[PDB]
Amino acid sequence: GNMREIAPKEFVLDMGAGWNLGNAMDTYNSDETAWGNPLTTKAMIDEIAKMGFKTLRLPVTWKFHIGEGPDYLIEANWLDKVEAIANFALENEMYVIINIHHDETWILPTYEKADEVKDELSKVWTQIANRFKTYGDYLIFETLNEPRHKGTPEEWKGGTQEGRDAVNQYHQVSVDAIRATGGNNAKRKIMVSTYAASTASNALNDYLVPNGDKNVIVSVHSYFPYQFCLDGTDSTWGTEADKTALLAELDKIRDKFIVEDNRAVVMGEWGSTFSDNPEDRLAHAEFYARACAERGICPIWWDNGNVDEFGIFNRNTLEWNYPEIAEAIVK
């Protein structure tokens, strides 16, 4: 239950390297096994910690467990599940990040919907924060995952001005709600994303930290370069031009947040999908993770459980599918 007096940049160094429990509690279904992953167990999390990951990111989708307004009650048994997994990590001496994940349908960043969204968000964050209020500073809240207007031309390009404005307002509501619960929540580290967790320059330039809160960490995601990492249209990686382009991405993030803004950064998702390309995936993981570590940015690999996609740990057998990726990230 202890809260250190600790600056965000040292806290982020202490977070080490992380791993996402993807397609689990974040599954967009009332049944969190619907996306193909078993119910999470401590035995699973134990292997994540034994491999040397220091941070578990525990993405959670809340939509199917939130009741009607104006109270928007979160089901107690859902909180129980979240808490249990969090404790699996904390018992392993890990940091744990809990977020709001695939909840965009009630978090649409438009002026039209803002007023209702801000009402619901305040109620939901109050509830999550009160459940977890007595936990110490190894538990971190991440207010929103990739808040954006899905299906729009600027969705993955940093949004429109209206969308970035609304996203900033939703972070404002969420931080305020967390801090108003008091206790350890007045001091807890909060990860606050850009629009979409984008690294687009407009998203970088328009980002606002609510109240200038000194315990806010910046959250961005960068599956760089996307042609290799996401689309599978390029399956090779490792030229000097590839290296230079990735370092330029990372230097953009460093220059804006770390140097100009005096903020620490968690790269709360990155990684590459499997494209019949193990050697280049490994080279890219090694280089990316090293580049983040040299900059003081905490890298958190996205693992969705699916070996044909982002899964590097086998949750059903407790073995690593791709142990060398894992090792390249944590060394």
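In case it trips you up, residue 1 is the first one in the sequence shown, and so on.
The stretch with the higher mean CA B factor, choosing between 196-204 and 73-81, is 196-204. Averaged over CA atoms, B-factors in the entry run higher in 210-218 than in the other of 210-218 and 90-98.
Listed residues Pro278, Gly305, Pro59, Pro38 were ranked by CA B-factor as deposited; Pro278 comes out on top.
Taking the PDB entry at face value, the top CA B factor among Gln127, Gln227, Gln172, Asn145 belongs to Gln227. Ranked by Cα temperature factor within the chain, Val259 sits in the highest third according to the deposited record. In the PDB entry, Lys42 places in the lowest third of its chain by CA B-factor. Split the chain's modelled residues into thirds by C-alpha temperature factor. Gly67 is in the highest one. When the CA B factors of the chain's modelled residues are split into thirds, the value for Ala166 lands in the middle one.
When all modelled residues of the chain are sorted by CA temperature factor, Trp156 is found within the highest third.
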